[PDB]
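Before any questions on how it binds or moves, here is one chain, the form deposited without the ligand, in structure tokens.
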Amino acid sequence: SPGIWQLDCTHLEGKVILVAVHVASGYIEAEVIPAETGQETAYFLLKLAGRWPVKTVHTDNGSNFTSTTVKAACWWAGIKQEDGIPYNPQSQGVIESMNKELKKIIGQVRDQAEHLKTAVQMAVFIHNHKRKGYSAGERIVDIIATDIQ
């Protein structure tokens, strides 16, 4: 579980926000893209796996699961690509809740940024630093550090 991430795609202002959630910690990375393509998803995963030790990715839908470009990026980066079917039904609900929370934060910062991408990165910052006590940022580092030792 230190290496397990979940992909999540949500929509705002006619654009797409692609999110990777580290399941065990709640830590996220996100980007704005014009639309969800295999190529964009592939590039996003390459960035993620260069930054964190990504072992398994639960893909967000069947198109990205099937995508040859996504499969190539997962091969390149040593990621086991899996489906994202909630065998636990409380899982989708947690993502649903996270998308709602992220959009709430985006709303709270939206006027401080001209471009949506800036607001999204402010929201990532706030999300990862929020103490719940540890923050998601603290939890992911502790989880992975423990795993290394």
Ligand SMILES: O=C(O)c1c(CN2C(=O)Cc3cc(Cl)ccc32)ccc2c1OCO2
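Note that residue numbering follows the sequence shown and begins at 1.
Another form, the form deposited with the ligand bound, is not on view; read the next lines as being about it.
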**Message:** Taking the ligand as it sits in the entry with it bound, is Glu101 in contact with it (heavy atom to heavy atom, 4.5 Å or less)?
**Reply:** yes
Checklist entry - With the cut-off set at 4.5 Å between non-hydrogen atoms, does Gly26 touch the ligand in the entry with it bound? => result yes
TODO: Mark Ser97 yes when one of its heavy atoms lies within 4.5 Å of a heavy atom of the ligand in the entry with it bound, and no otherwise.
DONE: yes
Contacts from 111 to 147 to the ligand in the entry with it bound (any heavy atom within 4.5 Å), listed N to C, are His127
